[PDB]
Structure formats: C-alpha cells, structure tokens
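For reference, the chain that follows is the form deposited without its partner chain, supplied as structure tokens.
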C-alpha cells in the first residue's frame, strides 16, 4: 500500500529508522533519502545501500576503500541490490527498485557506506 519510505540521516550519524518493511504487493519500492544535518558530503556524507545481510560487511569494507568520487561504493559491486547516491547537508536523493529482486528465505540489510557510519547507520529490510 505504502510502497515508499522517507529516511533521514543526520550529523549524529543516525538514520531515523532501523527497520524497513516492503509490502509484497508493491511492484517497486522507493527510498527517499534526505540529510537534515549541517555538515558537508566530504565529512558527513550519507547514502542508502541495500544488500543481503551476508554481503553487508564486504560492501562496507570495499566501499570505504573506494573513496569519495565513487560515493564510497566499489564500482560494479555485484552485491549491491539498490542504492541512492551519496549526499551531504541539505541534499536529497531517491532510489526506486523492483521488489522482484528480493527473494523469500533471505535476510536483507540497508546501510550507509560513508567511512565509519555503518556502526550506527544500518538496519533491516524485510518483505511483508
């Protein structure tokens, strides 16, 4: 019914949710990411990245090593199901993905891959 979620990342490196539900009747699902903090992208950038639970650590680790120009994602990373771009204070970005990409019998996590943020900026994404 709701086939979208609004999510915020702030200067305190908090997402305003750590559990997202995706209604299976949704053909597509949309994440609307915003940055209500004051700090710029280069030191407080936030993105919203989706992978299986198992793939999270790898996506984070390799993303951190990728650098700012790459939005802290490994280019062509096969583990990344969907992702917004990286944004700083006052910016916003949306990503819409096909719900068909989420199989039953699997665990999914969302997270920000800006260096260090995933300690706090992460959570679960679950079909409903």
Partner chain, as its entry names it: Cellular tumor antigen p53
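Residue numbers count along the first chain shown, from 1.
When 43-51 is weighed against 74-82, 74-82 comes out higher, by mean CA B-factor as recorded in the entry. Among the modelled residues of the chain, residue 34 sits in the middle third by CA temperature factor in this PDB entry.
Placement of the Cα temperature factor of residue 28 within the chain: middle third of the modelled residues, per the deposited record. Remark: residue 68 belongs to the highest third of its chain, ranked by C-alpha B-factor as recorded. Among the modelled residues of its chain, residue 1 has a C-alpha B-factor that falls in the highest third, as given in the PDB entry. The deposited CA B-factor of residue 121 belongs to the lowest third of values across its chain.
Another form exists, deposited with its partner chain bound; not displayed. Remarks below refer to it.
Among residues of the shown chain, residue 82 is not one whose heavy atoms approach its partner chain to within 4.5 Å in the deposited complex. The shortest heavy atom separation between residue 44 and its partner chain in the deposited complex is within 4.5 Å. Using a 4.5 Å cutoff between non-hydrogen atoms, residue 99 does not count as a contact of its partner chain in the deposited complex. Using a 4.5 angstroms limit between non-hydrogen atoms, residue 48 is distant from its partner chain in the deposited complex.
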